[PDB]
Each structure stands twice: as C-alpha cells, then as structure tokens.
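Beneath this line is the structure, given in structure tokens, with notes to follow.
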Amino acid sequence: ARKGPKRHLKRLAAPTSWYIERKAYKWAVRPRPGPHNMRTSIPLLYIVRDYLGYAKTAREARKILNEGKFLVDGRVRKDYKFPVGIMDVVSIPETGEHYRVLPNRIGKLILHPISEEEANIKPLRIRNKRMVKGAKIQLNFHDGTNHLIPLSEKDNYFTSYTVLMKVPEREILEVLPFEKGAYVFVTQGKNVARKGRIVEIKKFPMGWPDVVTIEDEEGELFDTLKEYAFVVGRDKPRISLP
Amino acid sequence: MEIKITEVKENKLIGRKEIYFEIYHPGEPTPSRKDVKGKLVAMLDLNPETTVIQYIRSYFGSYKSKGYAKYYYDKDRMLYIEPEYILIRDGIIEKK
Amino acid sequence: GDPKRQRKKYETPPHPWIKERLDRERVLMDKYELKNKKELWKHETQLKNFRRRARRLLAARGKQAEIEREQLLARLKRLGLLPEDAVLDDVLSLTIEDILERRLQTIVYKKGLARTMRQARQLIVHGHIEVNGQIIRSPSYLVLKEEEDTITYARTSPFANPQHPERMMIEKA
Amino acid sequence: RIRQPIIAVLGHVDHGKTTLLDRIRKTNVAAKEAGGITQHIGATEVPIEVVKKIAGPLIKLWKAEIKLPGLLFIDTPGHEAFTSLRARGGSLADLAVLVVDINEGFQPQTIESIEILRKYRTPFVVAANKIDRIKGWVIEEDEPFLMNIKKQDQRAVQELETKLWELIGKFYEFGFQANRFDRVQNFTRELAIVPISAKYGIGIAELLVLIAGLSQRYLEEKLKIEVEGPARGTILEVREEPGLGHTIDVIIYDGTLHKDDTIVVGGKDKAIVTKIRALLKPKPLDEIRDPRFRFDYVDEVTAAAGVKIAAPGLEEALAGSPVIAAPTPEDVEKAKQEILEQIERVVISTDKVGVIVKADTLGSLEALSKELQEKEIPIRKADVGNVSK
RNA sequence: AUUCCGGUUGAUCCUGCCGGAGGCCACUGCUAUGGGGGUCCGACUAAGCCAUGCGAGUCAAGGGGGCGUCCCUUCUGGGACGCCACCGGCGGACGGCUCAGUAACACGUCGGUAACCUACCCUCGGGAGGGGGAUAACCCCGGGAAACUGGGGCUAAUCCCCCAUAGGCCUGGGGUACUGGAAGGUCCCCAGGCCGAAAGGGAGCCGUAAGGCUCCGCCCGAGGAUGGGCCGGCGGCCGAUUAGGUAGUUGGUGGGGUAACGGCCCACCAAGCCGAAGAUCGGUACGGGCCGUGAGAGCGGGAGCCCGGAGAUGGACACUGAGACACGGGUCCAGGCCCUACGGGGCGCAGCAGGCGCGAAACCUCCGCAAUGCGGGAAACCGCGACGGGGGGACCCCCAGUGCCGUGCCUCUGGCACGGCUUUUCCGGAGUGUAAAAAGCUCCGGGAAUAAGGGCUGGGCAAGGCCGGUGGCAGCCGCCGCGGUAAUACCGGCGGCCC
Ligand SMILES: Nc1nc2c(ncn2[C@@H]2O[C@H](COP(=O)(O)OP(=O)(O)NP(=O)(O)O)[C@@H](O)[C@H]2O)c(=O)[nH]1
Ligand SMILES: [Mg+2]
Ligand SMILES: [Mg+2]
Ligand SMILES: [Mg+2]
Ligand SMILES: [Mg+2]
Ligand SMILES: [Mg+2]
Ligand SMILES: [Mg+2]
Ligand SMILES: [Mg+2]
Ligand SMILES: [Mg+2]
Ligand SMILES: [Mg+2]
Ligand SMILES: [Mg+2]
Ligand SMILES: [Mg+2]
Ligand SMILES: [Mg+2]
Ligand SMILES: [Mg+2]
C-alpha cells in the first residue's frame, strides 16, 4: 500500500479465527466492509463451500448465492464477500435448517444448530449511545447497526446492556441489564467460550479498561474484560448455547 | 470387478445426488468409465443420460479403486451447472 | 532472515577412520544385509532421538511433561520395542540391534517367507509381500506390532501358490 | 510449382553492377555506401508484376508463358579483395549476368569471374553499359535498344558495332562464341550481348525478357520443387544483430520451412543442431542488407526465398555451408553425413604472434585477412564482434 | 561424544601458535539408472544497455448511430435478431519486480488521537420540485513525410449548468439532554453571515387503457466497518590517529498554512538546546519474523517464503482523483540512443520470455484461464506472463535399482560351471489420469536381460616391506617431511582401504 488501499489477501496472512487450509493455495478472499470486524467474522463464500459443503468450486457457490438461497438475519445476501459474525443467524429455508455463529473454545468460528422458534431473535450488545437531532437517542450496537428511541425511554438503556431484537423486522422485545447475577458468555481472550454469572466489577484510573469476575457452574472464579462479557439472560440463558 | 456404494448424499440446492463408491478388482486393470457407468446405473435404476462420473482413481499397491459420481434430476440443470470439459470427457456431448 | 531448508535425517561419524567403530559397523552391515552405511546411520539416529527424549523428561516436572512421558511410552511399546509393563527407565537400555530387528526385511526372513536376508530384500522390492492387505516395497519400513501377523505373500503373486518351484525350495528349509 | 531462379551479377569495379539493380528496384542504394564500393552480398526478390509492367509487346515474340513467379537477384562486389564472395555467388546462383564496360575492355576481375562461372558451369548472358559515353547519343527514359537505335546517327552505330565486334573477338580467344541477341538464332552454344544503360534504362526490357525466357530452355526440370518436402538451402552470411544475437541469412530453395523445425548446419569444427526460433522476412522490392523498411516476422516460408534465421548457438556457423531440415534423429544423422561431405573453401592461417582484427561479418574478415596476408603480416586472431576489453 | 592427535630437544617438562579430524553455503574436476515432495535457479561484479511479442480491462438492463438477417403491412415504415465503433460509468493508486538510498520514530513492541481523512460495503432517519446547454459518433472539404491535427452541418443521455428547498461551516449570547477517567465534542433556543444536493433514471409482467407489482439504481444526515496519516516511552552496529557542536538553533507570545497537532513557516521577545553515561563528524548497512553452528553460555548471517520501508536512467515539479506528485499517464534540465522528405518527431524491461555486456558465477522468445483470487457486470459471463501446467538444470530432502536360489570346483570373502526363479528398473500395448497433454498408478506380452564411479595407500589416519621405470633430476608435500643408482612416500602395473 504505497499509493492506496489493499485489495488482496494472502492465505498465510489470513485471520486466525477461520477454518481454512493455509498452504493449499496462494490467495484468500478479502472480505468486504460490513457489519462486524475482521477478527470476529468470516466471508459467506467459505460458509457455503468449506463449512457446510454445498458446493465444490467457487463458481457454483456463486450460482447458489445469486438465486437467493441463504438468509442472514432474515435478509437475502448475494455477495460472496459479505461478512458473517458472532451471534448471527444463518438460515436455509429450502432445506429448513438454522445455525448460530459462535466462537469455539480455542477461538475459531463454528455453526451451532438451533430451532426455528429461536431463529427469529438476535441478541445485540449496546456499544454506545448518543443524542441525535430532534433530541432523540441513537443506540449503536456491537455489530454496527443502529436504532432510535424517544427521549422518554432514555433511562432504560445503558452501555453493556443487551437488547433482544426480532429479525428481520427489527423490533425490540426484551432488555437485559448488566449487573450482579447476570448470565454472561465470553467472546474473546484466554477465557473465550466460557459462561457464567457476574460477581464483581472493578474500575481503574486514566482510561484503563474495567474488569469483571465470573463464577461458572462448578464454582470456579475467573476474570475478564468488561467488554468481552456478553449478557445472555437474567439467571438462565435466553438462547441455546454449547 | 465388484462395486460397493459407500455414501449417497442429497443436495436440494443444486438439485442432484452425490455418490461415492469403491471397486474391488484383484488381477485386473482399472475399470473403464463405460463399464462403471453401466453397472452404477443398473444397481441404482437411474437414467443414464443424466449421470456423470467425476473420477476413478487407483492407488499404489491396492486391489481397489475409488470413484465419485453425480446424478442430476433434469438435463437442463446438468447442462447449466457442470463445466463443458467434464461433459465432453464423459461422452455426454460432442466437442466443437 | 532466511526461509526453511530441509535437513538430513541422519548423522555422520565424527572421525571417518577409527578402527573399532569400523569393525563393529562391518559386523552389523554383514549380518543384516544393508546397502550402505547411511542406511545404518539412519537407524542409529532414531535410537539416539529416543534416548535424548528420555533423558530430558526424567529431569522435568509439570503438566505437559507427564503427557509427553506417557506419549513416549505408548509410542515405544506400539512399535514392539518394549513390553507392555515397561517404565521410563527401560528406555535407556535399548540397543541398535533392537531397532534393526523391526525392519520389514528382517521380519520377512524370520517368519520363514524367505531362506535368506537377500532373498527377502528382493521379495519385498519386486512386490511379492503384502502387509495388512497392502503392498509395501520399502525394505526399511518399521513394522508395528499390531500388524505383524498379517504379513503374507501378495494374493496376485506367483509365490501365492503352494506348488511354485521357488516357494517349495523355501519351504524345504 | 516453379521457384524463382537465382541470378548473380558479376563484373569489375565501377561497371554499374549496383546501379542496374537500383534501377530495377527504382530505389537509391548506390549513393548510400562509403567510397562508392559495395562490400556486402545481398539477395533481392523482384515480383513478376513489375517485370510485366517493365516489359511490353516484346513478350509476344517468343512462344512461351510468363508463369515465372518472380526473380531472385544477388549482388556481388567487384573489388580484388572479395574473391570468396564472388566464388560463392558464382557457385550458388542458377543464372549469371556478366556486366562489362565497353570502353575499358577487359579486367582481371572479369577473367576471374568467367573462370568461376566455367568451373561452376553456370550459363550467362553478357551486358554492356556506359552506352551514353559514345558522343552523339540521345537519351530517353526507359526505352528498349530497338526503339533507341533508330534515334542515332551512323557514326554512333558504327562505333558501337566496332566496339561489340572487338568484345566478341575477345570472348573468342577466351574460347566462347558470341553474337548479339537480335543478331543470333541459335540458343544452345551462342551467348547474347545486351547493350544496356543503367543511368537511363536503355535496353533493360530486352535483358529482362531474355532472362525470363532462357530459364526454361537450358534446364527447366531443376526448377520443380515439391511444396511439402523438408527444407534445403545454403548460408549466405553470418552477422550480429541487435536484440536477436547471432543470426544467419539464408536462401531456401527446396521444400518448405516452418517455425520450430530442427535444422542441421555445418559448423567450423562439426555439424551443429538447433531449433529455429525467429524467422524474419524482408519487404518486397527491398535490398536485404539495406533495411529501409521494417522486416516482417513470418511463421513459415516456402522455396525459394531469402530469410533471416535467429536460433541459439549459431556463432560457429560457416558461411556457404548448407542447411538441411531434419525432424527425426535418423534425419539428423543423414543430414550430418551429408554435411560431412563439404569442404571449407577458405581457411585462415594464424601465427599466434600477430595483430588482432575484428569485423562485423565473416566475409569482411576473410577479405581483410587475405589483404593483410598479401603484405606479409602475421595474424594472431580473427573473429566476429565488437572490440571488447 | 561436554574428546583430542602431529610439529621447538641428543633426550625432558612447559608456554604458545600453525596443521589435521566435523557441519553448512558459493564456484569448479571427473562420473551418473529411477521415482516422489518442496517456500531452489542473472542476489554478490553493471540500480549497466536493450530489437520483437505479450504483462488491465469491462458494462448492449446509461445513450444516440452504422451494417446484416427475417416478419407485418410495406410506395414510406414499424418490428424482432445479431454485430461494430463512439459518447458515458467503474477500474487502471492493487497485483508483479529490485534492494540503490537511508544510522532515521526506518523497523519491533506497548500505548495515544478529546489533534485527522476515507470511493466501494452495513444499519437506521429523510429527499428526488422547475428550467437551460453544448458536443463525439454521423455528412462536406481537408493539412502534414510521418507523429499528429483544422473549418463548416446536425444529434442524445444516469453528460454539463442554473433556480428553489433540505443541508454544511464560522462567531457572539443563553440552557444543561448524552458519552466518558476527564469535554475546545454531541443535543435545545435566539442572533449576524458565507457556501450550497439529487437520475423516479433503466428492465420485466399484469395492464384495453388508466396504474400497479417486483428487479437494479440517484442525493443529504448520524454511526460503524475497511484502508491509512500523525505522536510518544522502551529495544537492537564499528571508530577518540574524530572534542566540542548548534544561530530557526532551544523555548515564549501573536499569526499563517494544513485533512489534522507541531519552528511546519513568518513577525516580535529572550539565551537557550546537545555532550567523555561519547555529542558532532566519518565508515558500513534496508528492519524484523527467522537461518547456520555449538553440550550449553555464546559466536556469525539476514537474497528466495510472510509482514513493514523505499525506487522506476540521475535531479527537480505539477494535472486528475476518495486515494498519486503515478513503472506499461504529463513538463523541464543533464546524459545516452532511434526515425526523417531535414521542416520535425519519438524511446529508457530493477514485469514474463529473449539478446548483448560484465564476470568464477545463473533456464523456454512454451500451453491455459479448468483450479485459487482480483477488476467489471442484474446475471450468464469476459480479461489477467498474478496464479496454475509443463520444458532446461549433479539446488535441497525422502524411498529404490544395478539380480536371487540350489549343487559342485576354486586362491573358499569372492570367482567359475551347471539347473531353476523373479521383473522394481528397461522395450511394446489397453485403461485411468489431465483444461488438453506428459508423468504417475492398475493390468497384459518379451527377457538377467538395459545400468559403477571418485579419492586414498610413510605418520596424523583405515589400507603393500610386492614388481618395473627415474637417480638432489623429474616430481610429491594442508603440517611433519620424501627423492644423492638397493625409493613401502615420485611415475606406472598388480593387489588393498574408505565412502
Ligand atoms: N555516364 C554514366 N555513368 C554511369 C552509368 N552507370 C553507372 N554510372 C556511374 O558510374 C559509377 C558506377 O558505380 P557502381 O554503381 O558502383 O558500379 P557497380 O556496378 O556497383 N560496381 P561496384 O559496386 O563494385 O563499384 C557510378 O558513379 C554511377 O553513377 C552509365 O550508364 N553512364
Ligand atoms: Mg531480509
Ligand atoms: Mg556494387
Ligand atoms: Mg626451546
Ligand atoms: Mg532473486
Ligand atoms: Mg543486474
Ligand atoms: Mg503500485
Ligand atoms: Mg546497499
Ligand atoms: Mg443550490
Ligand atoms: Mg543488519
Ligand atoms: Mg531469461
Ligand atoms: Mg550456479
Ligand atoms: Mg602406486
Ligand atoms: Mg594404520
């Protein structure tokens, strides 16, 4: 990138969270800008071809996508570069199967089967909150999408809360506060994919991030960053987890 | 030569079925594509004009070979999905 | 820096002309009918590697060390080099003859397939010997214990016939 | 299928050899070179269409056809030093044109050319230039001698008659019977003398039609070539080129030559085998040694034509050695055996203690070596190339 | 294998250096049967000079034309159908190549931007109202040796320009809704100004028409994502036979400029800033992940694969664009080279091949877009010397061959004579393999047939006290030393040793 943006990606330099053979070929798919970031998402082509195995080559994979066979959060996606990320839902209505994308115990992305009833909800962590013209409130989520609320409701929402959203209509149906006793799932770091309940919260001076303590099922305590803790229920999970 | 089917998997998105098989044949040459197609068609009672054999592969010191084949329910879909070279190689269409 | 370069898998002697070493190696070469010295040296290196792993693990402690310790014992007694009740100490008493006894050539000779070591070598190279249903043409292949008894003439070979003239002469001894 | 006959022009210095070819091509080459002397042999192809345009009603006097595809002219230096070039030109060509000035009579180079032609049994016709040197002569642009003669007085005609009679007598003590082209009826033992004028194109048409006609009378069956057989030709020169390396200019006269064909060429010490990489063709009506127009690359060529071959490892090629196409190892061995029956006409004698001389071609090197040897000067080394460190 | 052996004396014990014995890299003598795998092959000297071909396009669902084929009525025409260029849109700033410069915030690592830009993409909230204009293509006439280029006629758009509204930016006065560790930020209300949008466009069905119904699209705002700019602490070469260096230099106040902070640049006010814990200057060098070697502690290197930097003959400078002061785009100077009709006009392979030059030192002017990716397109698709497939090569590593058995004889390791056996390898076929081939793999027929060299031979250091030549000559010798007519040391034969 001497004069401008990069458009290519070598296999050896690909993100470490994909399931991919790094020496089989030279190039990999450089993902398009979109919802999540490079460290927590994977292009759709690898989901079609490498993970589920409905195609052998990229060319016939593009023929499936251009016919409208895959839904992500209930919306048709045709771009083979489109990123799919944490807590997203993948639906194939023709075969009638649904999956949720989740990190592994070693940090890689996997597809977890779920029921059709649960496939209509998506949990969204509140990443930021601001004031917008007309004195309305805009909520900015962990996957980059936004929502608007009136000034009357401004005290029901704070950062790190989780909103259960109905897709594709994008209508709110639940709010899960972040506090002691909440049920959390870890999405990054050394303690990735562990889950439990919140025990303590600690804070530091001068912009150092804050840390939380979590108790798991067997009674062990472990710490992590506050922003790595995803709230999934009051005292039991609201979604199916492995 | 004797044929044993190992797995048969359906693909509703493409509209085909994918078949994996083994051929056991001590003391014989590698089976031809014609013989394999005829035997495979008869065992499965499948129309022969919409059946493609992707490959037949032999190994170093084995008495058996591994094969992979595909069956399409419609001729138009087959002509639309498969590359030209695999149809020419299997005798389905004639070269230009 | 520099990219990877593939390295040799055997080690050469520190001095090429030492009388005692030459005598010992000549005895081994003649008994087991190896083609050249490097073949012998290959097997020697294998032995040393095993020893070097045992010396390192006796002096270690922690969680990974115990995993590697049991892995070493399991691999050693899967190859048929140790009895099923051996301990780590018994690794240090292995000799070169133990490894040379596991070659496919030696095993074909001991089972009675051939009358001589050289005949066994040729039997293997020309493709008359099958191991667990598969033909192997490398005389130096090390035989696992679990597959030792499925070693026979290939079912397409001329020798897989009790009336073949050369097979009868082999049975005669 | 008949190939274009090969014509070699021979003569003495300052006898209008280059000027005749320039007038035929309607291009100026004689003024280009330094010193007025041409020291490089070349091959030029003349299409039959311009031949027909130059000619006229005279073609109807002889009961034959103009089905000849064209002409392949070869120029030749007339200087004393370039003996080997003259020998090569005399041996290679099928027809010869000896150009002798009437005024000066005979020169030793003319005698040497006649000797070479006799040795290589090449039929030829005599030309006569410098007609305008006769006083009381009118000049007209491109008219035959038959049209021009009626425009002159008696004195010029009688002077011409005396001069050509003296020339015929000269050929007679050279043991050859001579008579004018329009004054003779036999065409198997008698030659023909054409009085021409290079500067004004007098009598060119008669010479051209005579060359076209006499080809099918002496021997015509040697002009039939199979159009699918292996290529067979000879080397004309070896020179360095910018960007292509050591290339050779050859005249293919048997078979058909395509790209990537394996060829056999007689080297200095032994035969050399290589695969053709580049086939380059001169523009029509253009001197091969004067690239006025851009050369056209060509995949394959058919006999007979002059082409430039660029192939690896040709730096030890011998000038005058034949080239034979061989697609199979047995063909390669047969070609090698054929090459083994070939003589090195000129060999340089080096004394190991001498001067260093370098030229751009082998022929110039041979001429320089002969001229230095004429003055008792030893020669340490001779090769082709630029002066290196 | 955490090691020793020869050499100073008539003999001895030391110090000390030289040599032998191991690994890896480059060049090279002699000699070579086979297969597989891999990140190998003009890096060291010349970042020297280059003929020819190829290495970047794509869209007919943005727009008017030309040509051809059919159908209806056709005097006309209207249709469908397919080609071709032009206008218009997006891309050409990535990918590929080399290591000259550079001892520096260039690079590694942890942090920061509340001091900043971002076309393509994602989510939510809004908008698409009214006018005008030229011009290529096409017709007439051309100029010039060519490179190029002139005038007149007519025409369209998702082309260009106005007007409105939304919107943006600056400053002054109030209010306290948001995030955050903390507001020169966001939000609301007045007031003075400046700038200032858009294509309801295209395709298909139901439409008798009216008009829907999908598909692809245009503009504004808030946020994200992607790609970057800038800043700081810490870490890693050699020289004192280089000791003082700096004067926009170090800081302050007021401005300009920038996307943005800043002596980045100005105007004024001071005398600071760095240094024997090595400043300044000189030498050599792209940095790292890594690689070679060694019991380890260490010592040496940093071409090939990945991440960062820099360059496009040397030196300076601009246009367009979201992004360049742009390798296959522009201008000047210096220096080479090419074509001219002599008036002028052009070109730099450190892209793939190929050539010359320099050297001890390095390959085919090949086939394909089938795989992996990128650009374009609604899609089917199209292009790509990237990449994939082969060709040449004692590049690295792995697995094999050059026969085996029995009975006799022999100088008993080995050689010979009889009888038998097998076919990895070799020769000829069928299948499978491959984009197509070639290799490879499974079968069939023939037959021990088609296949061993290089160095050493007095000690170190394994191996001859044999024969013939030469005669302090010729020669050998890493070191110690041999050769002076009875040479285990030179040259050759026959033996023998190592690989
Ligand atoms: N008066 C006159 N001069 C002539 C005629 N033909 C040629 N010339 C002149 O005489 C000279 C002949 O030289 P050139 O063309 O070299 O002759 P050549 O036949 O090529 N000989 P070469 O190349 O060995 O010298 C030229 O100067 C030319 O102009 C002619 O017919 N009349
Ligand atoms: Mg490096
Ligand atoms: Mg001449
Ligand atoms: Mg002393
Ligand atoms: Mg290189
Ligand atoms: Mg170079
Ligand atoms: Mg670039
Ligand atoms: Mg340098
Ligand atoms: Mg406006
Ligand atoms: Mg360095
Ligand atoms: Mg090359
Ligand atoms: Mg080399
Ligand atoms: Mg000797
Ligand atoms: Mg000894």
Side-chain angles (χ1 to χ4, degrees), chain A residues 1-13 24-38 57-58 66 79 81-83 127-138 140-141 143-148 151 154 159 170 203-208, chain B residues 25 27-33 55-60 62-63 65 80 83 85, chain C residues 1-9 12-19 22 35-37 115-116 118-119 121-123 125-128 137-140 158 164-166 169-170, chain D residues 240-245 277-278 297 310 386 388-389:
Chain A
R2 312 198 74 281
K3 317 296 175 197
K6 292 196 280 191
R7 328 288 309 178
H8 290 81
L9 182 64
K10 311 275 232 302
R11 289 279 253 253
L12 280 178
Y25 305 93
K26 181 91 172 188
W27 301 109
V29 176
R30 166 166 282 277
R32 197 81 76 182
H36 307 80
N37 48 4
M38 297 267 297
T57 62
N66 288 320
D79 187 20
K81 288 181 168 230
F82 182 85
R127 188 174 163 193
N128 207 339
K129 168 183 170 195
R130 53 177 30 88
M131 288 282 306
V132 82
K133 278 176 56 171
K136 287 172 175 57
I137 298 275
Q138 202 194 42
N140 312 124
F141 291 119
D143 67 334
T145 60
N146 306 289
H147 201 250
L148 289 196
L151 208 60
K154 60 161 188 165
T159 66
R170 302 197 113 250
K203 300 166 179 174
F204 307 95
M206 277 294 286
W208 296 111
Chain B
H25 57 64
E28 305 171 39
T30 301
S32 181
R33 292 172 86 99
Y55 61 78
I56 298 170
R57 164 189 186 172
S58 297
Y59 287 90
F60 181 85
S62 256
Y63 320 101
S65 303
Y80 174 76
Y85 81 91
Chain C
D2 294 295
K4 177 198 175 184
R5 329 163 163 187
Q6 303 188 30
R7 303 158 61 88
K8 290 184 177 74
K9 242 68 180 169
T12 47
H15 197 302
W17 313 300
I18 299 295
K19 200 189 171 193
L22 293 170
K35 190 201 173 186
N36 43 24
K37 298 299 274 261
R115 299 180 55 111
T116 328
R118 303 203 193 196
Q119 189 184 51
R121 192 174 181 97
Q122 166 157 111
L123 280 184
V125 159
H126 286 197
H128 299 296
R137 305 223 221 103
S138 296
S140 67
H164 187 255
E166 189 65 46
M169 182 69 56
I170 291 169
Chain D
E240 204 90 358
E241 284 187 351
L244 284 84
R277 175 188 307 182
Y297 301 80
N386 296 293
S388 60
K389 181 183 186 178

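What's counted below: heavy atoms across the whole structure, side chains too, no hydrogens, waters or symmetry copies. Convention: sequence-line order gives letters A, B, ...; per-chain numbering from 1.
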For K133(A) and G167(E), is the shortest distance between a side-chain N/O and OP1 or OP2 below 4.0 Å?
yes

Euclidean distance for P, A21(E) against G6(E) (whole angstrom):
15 Å

Indicate, with a heavy-atom threshold strictly under 4.0 Å, whether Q119(C) touches base, sugar-phosphate, or nothing.
sugar-phosphate

Between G308(E) and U76(E), is there a Watson-Crick or G-U wobble pair with both distances below 3.5 Å?
no

Give one of base, sugar-phosphate or nothing for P14(C), where a contact means two heavy atoms less than 4.0 Å apart.
base

For the nucleotides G272(E) and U246(E), report whether a Watson-Crick or G-U wobble pair is present, with both relevant distances below 3.5 Å.
yes

In terms of relative ring orientation, are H128(C) and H126(C) parallel, tilted or perpendicular, with 30° and 60° separating the classes?
tilted

Picking from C404(E), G224(E), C307(E), the nucleotide nearest the side-chain atoms of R118(C) would be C404(E)

Indicate whether OP1 or OP2 belonging to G373(E) is found under 4.0 Å from a side-chain N or O atom of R11(A).
yes

Watson-Crick or G-U wobble, both distances under 3.5 Å: is that what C477(E) and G287(E) have going on?
no

Distance check: side-chain N/O of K8(C) vs OP1/OP2 of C24(E), anything under 4.0 Å?
yes

Need to verify one output field. Residue with the more 5' nearest nucleotide on RNA chain E, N36(C) or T116(C)?
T116(C)

Determine, using purine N1 to pyrimidine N3 plus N6-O4 or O6-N4 for Watson-Crick, or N1-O2 and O6-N3 for G-U wobble, whether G207(E) and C261(E) pair with both distances under 3.5 Å.
no

Within the pair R33(B) and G433(E), is there a side-chain N or O less than 4.0 Å away from OP1 or OP2?
yes

So, is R121(C) close to the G401(E) phosphate, meaning a side-chain N or O under 4.0 Å from OP1 or OP2?
yes

Would you confirm whether the neighbouring bases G348(E) and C349(E) count as stacked, given the thresholds of 5.5 angstrom between ring centres and 30 degrees between planes?
no

Between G111(E) and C491(E), do both key distances fall under 3.5 Å for a Watson-Crick or G-U wobble pair?
no

Which of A400(E), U372(E), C120(E) is nearest the side chain of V125(C)? It is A400(E)

What's the gap between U284(E) and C307(E) when it is taken at their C1' atoms, as a whole Å value?
26 Å

Short side-chain N/O contact to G180(E) OP1/OP2 from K129(A), under 4.0 Å:
no

Is any side-chain nitrogen or oxygen of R7(A) closer than 4.0 Å to OP1 or OP2 of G227(E)?
no

Are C117(E) and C116(E) stacked, with six-ring centres under 5.5 Å and planes under 30°?
yes

What does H15(C) touch in the nucleic acid at a heavy-atom separation under 4.0 angstrom: a base, only the sugar-phosphate, or nothing?
sugar-phosphate

Does OP1 or OP2 of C178(E) have a side-chain N or O of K154(A) closer than 4.0 Å?
yes

side-chain N/O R277(D) vs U365(E) OP1/OP2, d < 4.0 Å
yes

Quick one: on RNA chain E, does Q122(C) or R32(A) contact a more 5' nucleotide (nearest heavy atom)?
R32(A)

Output one line per pair: protein atom, nucleotide atom from nucleotides 389-394 of chain E, and distance, for all N/O pairs under 3.5 Å.
none

Could you tell me whether the side-chain ring of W27(A) sits stacked on the base of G373(E), using a centroid cut-off under 5.5 Å and a plane angle under 30°?
no

Side chains of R121(C) and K35(C) in contact at under 4.5 Å (non-hydrogen atoms):
yes

Identify which nucleotide among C306(E), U442(E), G38(E) has an atom closest to any side-chain atom of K26(A), counting heavy atoms from C-beta outward.
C306(E)

Strand partner of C194(E), provided both Watson-Crick or wobble distances fall under 3.5 Å
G168(E)

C1' gap between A259(E) and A386(E), integer Å:
35 Å

Would you please confirm or rule out a distance under 4.0 Å between OP1 or OP2 of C441(E) and any side-chain N or O of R57(B)?
no

Between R30(A) and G227(E), does any side-chain N or O lie under 4.0 Å from OP1 or OP2?
yes

Nucleotide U365(E) sugar, north or south by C1'-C2'-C3'-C4':
north

Using a cut-off of strictly less than 4.0 Å, decide whether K4(C) has a side-chain nitrogen or oxygen near OP1 or OP2 of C306(E).
no

Answer yes if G29(E) and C90(E) form a Watson-Crick or G-U wobble pair with both distances under 3.5 Å, and no otherwise.
no

